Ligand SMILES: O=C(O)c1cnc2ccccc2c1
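Coming up is one lone chain in structure tokens, specifically the form deposited without the ligand.
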């Protein structure tokens, strides 16, 4: 028996969500479809220009942990919020989903991270993230017992932006592997890959990471190539298992020379793509830790991702376990 199926580690963020037109992004020099880091002054400026908004707990890894719990797995999360109202909201939402979350706030400043997410008419999402209290996440926040007792510890490439989070992750990798567990990461965002390419490849090649999640753009960025076939060949050589999503084209799971192609689910309409990759990882890691085949892991990931893009908010409000049962996956 192990206490946890999946521990995730990431930047603890509350999302501030609004729809905008295409010109808004141009006028405000926001890179479309990407995670744009911003300082406090820029956060105030952008907020002053944003329309009425909705708030929802976010954070890539936070969403993934929530998704695992939703499917019925046992999940835990490490991430740092402030002792403020946004932090209280973040804390409530992840615990309410049934995720173990015990990271202690350090104070009220910097305040809890928030990301202004602008959703264009095509359903694409452009994020503008003030890291706030996320910059304080470090080795002191590693619950060593939790890492030791988790089948998979999964973390964000996004953690390479704040200063000390990487130290916590290296500690996690040591503990996880000493206890025969698996380490996983997501490449997070293609510009994030542009920033930390070499460090990410070192994590994979040194065996600190066993299972890597990427989308098409991230895989291309990792090898600075426009040849997707090359990117797949190289990523398969650099890590034990790679799961590469291709939006409406589904996904491909790679292990050594093995490839398993999975279709995207049929959807009603793309409301908001926020969380698609996070929830693909939820479905995959849920399947993985339930001993399911790699193809079935991919199928579970595509199911969860397809569900989340049909709602506002990055964490499915409906039952993923019921959806999996209905789709004949569990």
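Numbering follows the first chain given and starts at 1.
One more form of this protein should be noted, the form solved in complex with the ligand, which is absent from this view; the next part is about it.
When the ligand is considered in the deposited bound form, only one residue from 255, 179, 197, 95 comes within 4.5 Å through any heavy atom, namely 197.
Put simply, residue 142 is far from the ligand in the deposited bound form: not one heavy atom of it is within 4.5 Å.
Looking at residue 206, you'd find every heavy atom of it more than 4.5 angstroms from the ligand in the deposited bound form. Interface residue remark: residue 225 is counted as part of the site for the ligand in the deposited bound form, having a heavy atom within 4.5 Å. Proximity of residue 236 to the ligand in the deposited bound form falls outside the 4.5 Å heavy atom cutoff.
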